[PDB]
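In what follows, a single structure is set out as structure tokens and then discussed.
What follows is calculated from the coordinates using simple rules that are stated; it is not laboratory data. In this analysis, Cβ positions are derived from the backbone assuming ideal geometry, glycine residues included, and neighbour counts consider all displayed protein chains.
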């Protein structure tokens, strides 16, 4: 019934992918170790909690992308194969997949410009492989730009309440 392989083959690799958004569960404990609280995020006036979290909480938001970059490199050799299949049905899931792993990061105050990547496929028809690599090239290229944001915040990281940003 099986020869060391797996059902539906590991092609989709969607099984291990689900372990990504869940892998964070570990990155969360990191801060907790420093006696950090997930309740004093931002809003408790932060009058006495003047950044009481320390740099141990900010480094956590970054430790994630680092883990994702590792798993993301694995998908490269996965989609590259579908090149022969070119099955939009199977390729379509990939597009929604690479973007999904970015949805669980929102739990760590991480908000990439993914929402913007959605229009990318809307403008250009994504039903092939070759071109697909074009969509990813942006994901990895953009992610590496997010990490640099750790220069000194005052922007994407820790958004100011005054900055409504809605227009």
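What the table shows:
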| quantity | calculated |
| --- | --- |
| Test: residue in the range 13-23 that is in a loop (DSSP other than H, G, I, E, B) and either without any contact (Cβ under 8 Å) to a residue 40 or more places away in the chain or farther than 22 Å from residue 140 by Cβ (or both) | no |
| Matching residues, the range 48-65, being exposed (fewer than 12 other Cβ atoms within 10 Å of the Cβ) and either more than 20 Å from residue 153 (Cα to Cα) or in contact (Cβ under 8 Å) with a residue 12 or more places away in the chain (or both) | 48 |
| Single condition residue 70 does not satisfy, out of (1) surrounded by 12 or more Cβ atoms within 10 Å (Cβ to Cβ); (2) assigned to a helix (DSSP H, G or I); (3) under 13 Å from the mean Cα position of the chain (by Cα) | (1) |
| Some residue of the range 108-115 being surrounded by 11 or more Cβ atoms within 10 Å (Cβ to Cβ), outside any loop (DSSP other than H, G, I, E, B) and touching a helix residue (DSSP H, G or I) at 6+ places or on another chain (Cβ under 8 Å) | yes |
| From 84, 77, residue being free of Cβ contacts under 8 Å to residues at least 12 places away in the same chain and either surrounded by 16 or more Cβ atoms within 10 Å (Cβ to Cβ) or not in a helix (DSSP H, G or I) (or both) | 84 |
